[PDB]
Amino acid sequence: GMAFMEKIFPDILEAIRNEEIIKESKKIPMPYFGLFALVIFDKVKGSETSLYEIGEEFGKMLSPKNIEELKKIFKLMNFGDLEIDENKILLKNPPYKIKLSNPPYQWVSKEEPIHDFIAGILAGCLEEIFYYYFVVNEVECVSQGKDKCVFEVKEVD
């Protein structure tokens, strides 16, 4: 079958590698980014997936070479300030904890953590960086009234 089913797709893969293009691009309000996913899940649903699993694939495709690059991608995406102590990850055994400051969807209040897409992204990116399969579970979230979101990172086989 065809590598790319739509016209714009090869160009998007070039652009995500170009910080000047990202900085000059039009910015879309997050409610519309979410609406897209909502509309295409209605269409997925004769198949099925999750925002976490899509974030995993998204993360793979972003393919950051290191933690500093991971942090940079989150600023470029306007997804917030990712707090990761890399030297401690290297020194310690898992599970680890990482935090996100100034995340999207702060206008949302929910009892349960909301950032499933971001958690997937983090799992996917951490595999690209460190090789291991990771599972990332958000255990605290700004939308619960917390000041930062907190993610538990687990290495798995």
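From 1 onward, residues are counted along the sequence shown.
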item	value
Count class of coordinate-free deposited residues lying between the neighbours residue 45 and residue 46	1 to 3
Mean temperature factor over C-alpha atoms, higher-scoring stretch between 125 to 133 and 46 to 54	46 to 54
Residue 120 - Cα temperature factor, lowest/middle/highest third of chain	lowest
Third of chain Cα B-factors occupied by residue 138	lowest
Residue 98 - Cα temperature factor, lowest/middle/highest third of chain	highest
Modelled-residue ranking by C-alpha temperature factor, third containing residue 13	middle
Relative C-alpha B-factor of residue 37, binned into the chain's lowest, middle or highest third	lowest
